[PDB]
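See structure below.
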Amino acid sequence: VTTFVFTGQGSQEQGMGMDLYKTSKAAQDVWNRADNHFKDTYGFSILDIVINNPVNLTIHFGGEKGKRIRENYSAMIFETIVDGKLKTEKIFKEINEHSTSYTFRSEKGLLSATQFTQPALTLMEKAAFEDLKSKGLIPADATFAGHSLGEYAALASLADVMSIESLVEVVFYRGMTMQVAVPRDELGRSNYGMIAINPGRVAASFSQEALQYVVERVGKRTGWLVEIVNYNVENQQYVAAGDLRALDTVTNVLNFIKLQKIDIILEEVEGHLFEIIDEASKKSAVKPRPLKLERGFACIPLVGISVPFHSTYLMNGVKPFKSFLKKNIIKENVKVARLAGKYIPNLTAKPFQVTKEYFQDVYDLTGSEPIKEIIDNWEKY
Amino acid sequence: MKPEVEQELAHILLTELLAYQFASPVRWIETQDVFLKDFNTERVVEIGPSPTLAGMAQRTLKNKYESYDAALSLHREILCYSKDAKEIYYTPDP
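Chains G and A supply the protein sequences, listed in that same order.
The entry's author numbering puts the first sequence at residues 1661 to 1925, 1933 to 2048.
The opening position of the second sequence corresponds to residue 1 in the entry's author numbering, with each subsequent residue numbered one higher.
So, in structure tokens, the structure goes:
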């Protein structure tokens, strides 16, 4: 009995998957197909980015091929439907019909921006699975799941819902969507990141009781956004996302509650740390907007993440994402037999099932109107 | 259910799952409870460049299921593609 788990964004280092790329015919077909598509559509090589990790990359729009590539960039849009009244769609890039080049810029390497790490990570995981499958090592009834981005790579590997060219295209898009989702103001520095919190490394705590309380009360009367976004290991690993200001506040508060030993197993106990939040916010609200997260007693910063994924911040655009997925996931490629009872989504930690109860549970967690009408007229016979 | 209405429902359920995934908390604690407890998985294979998920499955297997694995005599194997290549590919060192 086998389960395959696909990891999400994290430490994506230079040269990952390249050892397998040199020896495996199956891995070569995965990379070469995607590299050709990137070179023809966007004028860059994902293989070059993985192997060399350049600090900057310029795309030239010189000739007829260059002008075709430029129009591909110009069509890339960002939709955030139900932003107040209705759509407030915009354009990803400052590229216009008179532009002759565009430069991607980074601090120490472009295999750290989410538009390049996400396709690179998806490719290395797809190539590894394709090489495992080419050696007859994949059991027929294996269950699978993926962590954040790994979920999308798992679906493309075990269910084949997309081609390689479509997969990398719709990962590069929605990689650039998040690259512009946060207001990077002056030096491309939006105050957003993630920290891994070990609630047991500080004191007695819980999954959604003690650590979650210091996060929900610091977001309900302070007006800021801090959320627990990953429930990874019970009592030992929880990832918080939000303002880079609030992450420093949380790590300092947890360090001070470690140094000042407390035992917890209004204003008495319920509001005591509410007063703690009030006093910690004053030293925090005056913090300069940019900062670098430091390892603390319970909090270790996540290197490589700059977008508050899995939080309510990225909730205005979920339906434009929903509409984008409908045009790129063809109904004829779904193959429910490869999903039923074997795929465990992150949203619902339950095996995939096409049943009324499964739809009801998804509705009881998202409130999607299409799911609601499906439930209402479930007599689809 | 004809295997075309079921396909349509599966498509328009997968779409919503993936659309709301990136804006909702990742329930990995309950996910690994599914395949470690409900499925009694013997081989957990992590696909990726580092043993991130494998490490956190091993931590889950010590925090819980320690007594559960002993009583049922389960031999769990946690293999990361990046380091356990010999065990995954069945190429033992002679």
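Think of the CB as a built atom: it goes at the ideal place given N, C-alpha and C, for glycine as much as any other residue.
Looking at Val1899 (chain G): is its Cβ nearer than 8 Å to the Cβ of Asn1892 (chain G)?
yes
Contacting positions in the stretch 1858-1884 of chain G - beta carbon closer than 9 Å to chain A:
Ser1867
By DSSP, does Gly1853 (chain G) sit in helix, in strand, or in coil?
strand
Using a Cβ-Cβ cut-off of 8 Å, state whether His75 (chain A) counts as contacting chain G.
no
Here's the rule: buried if 16 or more other CB atoms are within 10 angstroms of the residue's CB, otherwise exposed. What is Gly1703 (chain G)?
buried
Taking the beta carbon of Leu13 (chain A) as the centre, do at least 16 other beta carbons fall within 10 Å, making it buried, or is it exposed?
buried
Which one of A:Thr41, A:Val34, A:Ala23 and A:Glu30 has the shortest CA to CA distance from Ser73 (chain A)?
A:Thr41
Cα separation between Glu1961 (chain G) and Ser1761 (chain G)?
38 Å
Contact check, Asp1908 (chain G) vs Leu1958 (chain G), beta carbons under 8 Å:
yes
If we require 3 or more residues per run, which beta strand (DSSP E) segments fall completely within the stretch 1741-1790 of chain G?
1761-1765
Where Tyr1980 (chain G) falls: helix, strand or coil (DSSP):
helix
Look at the Cβ atom of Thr1763 (chain G), then the Cβ atom of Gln1672 (chain G), and state whether they are nearer than 8 Å.
no
Assuming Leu1783 (chain G) and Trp1691 (chain G) are in contact, meaning their beta carbons sit under 8 Å apart, how far apart are those beta carbons, in whole angstroms?
6 Å
In chain G, which residues lie with their C-beta within 8 Å of the C-beta of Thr15 (chain A)?
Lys1989, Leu1992, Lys1993 and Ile1996
What residues are listed by DSSP as bridge partners for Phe1738 (chain G)?
G:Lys1750
Run through chain G and tell me which residues come within less than 7 Å of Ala71 (chain A), C-beta to C-beta.
In chain order: nothing, as chain G lies at least about 18 Å away.
Do you know how far the Cα of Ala23 (chain A) is from the Cα of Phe1941 (chain G)?
27 Å
For the stretch 1795-1819 of chain G, which segments carrying the beta strand (DSSP E) assignment without a break, of at least 3 residues, lie completely within its bounds, in sequence order?
1803-1806
Can you check whether the C-beta of residue 98 (chain A) is within less than 8 Å of a C-beta belonging to chain G?
Residue 98 (chain A) is absent from the model: chain A starts at 1 and stops at 94.
Please identify the residue among G:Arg1905, G:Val1889 and G:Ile1888 whose C-alpha is closest to the C-alpha of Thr1882 (chain G).
G:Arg1905
Cα separation between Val1665 (chain G) and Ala1687 (chain G)?
19 Å
Just how far apart, CA to CA, sit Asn2044 (chain G) and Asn1995 (chain G)?
26 Å
Taking 8 Å as the CB-CB limit, is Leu1847 (chain G) close to chain A?
no
Rounded to the nearest angstrom, what separates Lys1699 (chain G) and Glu1724 (chain G) at their Cα positions?
14 Å
Counting only Cβ pairs nearer than 7 Å, list the residues of chain A close to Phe1664 (chain G).
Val45 and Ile47
Secondary structure of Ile1922 (chain G), DSSP reduced to three states
coil
Across which residues does DSSP place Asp1903 (chain G) in a beta bridge pair?
G:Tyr1852
Cβ pair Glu6 (chain A), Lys1998 (chain G) closer than 8 Å
no
Alpha helix (DSSP H) runs wholly inside the stretch 1947-2025 of chain G, at least 4 long, in chain order:
1986-1995
Euclidean distance between Cα positions of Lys83 (chain A) and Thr31 (chain A):
23 Å
Counting only the same chain and skipping the five closest in sequence on each side, list residues whose C-beta sits under 8 Å from that of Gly1806 (chain G).
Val1665, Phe1666, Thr1667, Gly1668, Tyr1812, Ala1813, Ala1814, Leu1815 and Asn2013
Using Cβ-Cβ distances below 8 Å, what residues of the stretch 80-92 of chain A are close to chain G?
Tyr81, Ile88, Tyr89 and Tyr90
Cutoff 8 Å: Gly1963 (chain G) Cβ touching any chain A Cβ:
no
For my contact list, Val1910 (chain G) and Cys1966 (chain G) are in at a C-beta cut-off of 8 Å; report their separation, rounded to the angstrom.
7 Å
Whose C-beta lies closer than 7 Å to the C-beta of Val1974 (chain G) among residues of the same chain, with five residues either side of it excluded?
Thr1774, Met1838, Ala1841, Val1842 and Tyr1852
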